[PDB]
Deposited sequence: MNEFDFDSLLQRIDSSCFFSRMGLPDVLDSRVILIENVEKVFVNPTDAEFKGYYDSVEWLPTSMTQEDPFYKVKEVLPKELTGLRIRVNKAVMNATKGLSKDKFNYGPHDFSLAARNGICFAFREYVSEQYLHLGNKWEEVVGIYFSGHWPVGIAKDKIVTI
């Protein structure tokens, strides 16, 4: 199953539909760009959820907001990390920058984190929280935040 995960990661178009108006799930709250999520946010665009939103991890040193890993799992994390890094090279920073800020490293660390924990999630049978998030990454978007049952995404 982890082999068909590698294939789907290897054929993905990560961050390719950012700002675009695809269909998407109910929990999703689409926001246009990095500017209007991180720099000049409006409570209207967040649909009243701004005060509850908490950024999904963008650093491997951050804690899991949802939930000793079997060394078998630990390795599956190394291998899916490498593969996610292979699928996220040379990203146009134009779409990840506003004024002095660049979010492409935050995004790359964030997609790597979400897939490592998705692997911990499906291996251990913890639940579907990261599955929700990884599904949005496969749809071509960046899930940046979580507000109650909702997921803020670009």
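- Query: Counting from 1 along the deposited sequence, which stretches lack C-alpha positions?
  - Reply: Going by the record, the segments left unmodelled (no C-alpha atoms) fall at 1-4, 72-75.
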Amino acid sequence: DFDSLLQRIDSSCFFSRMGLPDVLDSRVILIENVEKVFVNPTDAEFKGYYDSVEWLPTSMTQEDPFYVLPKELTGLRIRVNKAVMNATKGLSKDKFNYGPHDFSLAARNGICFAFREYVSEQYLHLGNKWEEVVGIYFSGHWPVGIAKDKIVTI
From here on, numbers count along this sequence of modelled residues.
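task: Identify the stretch, either 143-151 or 1-9, whose C-alpha atoms have the larger mean B-factor according to the entry.
output: The stretch with the larger average C-alpha B-factor is 1-9.
Exercise for the section: Name the higher of the two by mean Cα B-factor in the PDB entry, 102-110 versus 117-125. Expected result: Between 117-125 and 102-110, it is 117-125 that shows the higher mean C-alpha B-factor.
- Item | Residue, from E35, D64, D94, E54, that the PDB entry assigns the highest Cα B-factor | Each of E35, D64, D94, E54 was compared by C-alpha B-factor; the highest is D94.
Per the entry's values, where does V133 land by CA temperature factor relative to the rest of its chain, in the lowest, middle or highest third? For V133, whose C-alpha B-factor we compare with every modelled residue in the chain, the answer is the lowest third.
Please place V68 in the lowest, middle or highest third of its chain by C-alpha B factor as given in the entry. Highest third.
### Query
Among the modelled residues of its chain, does the C-alpha B-factor of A44 lie in the lowest, middle or highest third?
Ranked within chain, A44 CA B lands in the highest tercile.
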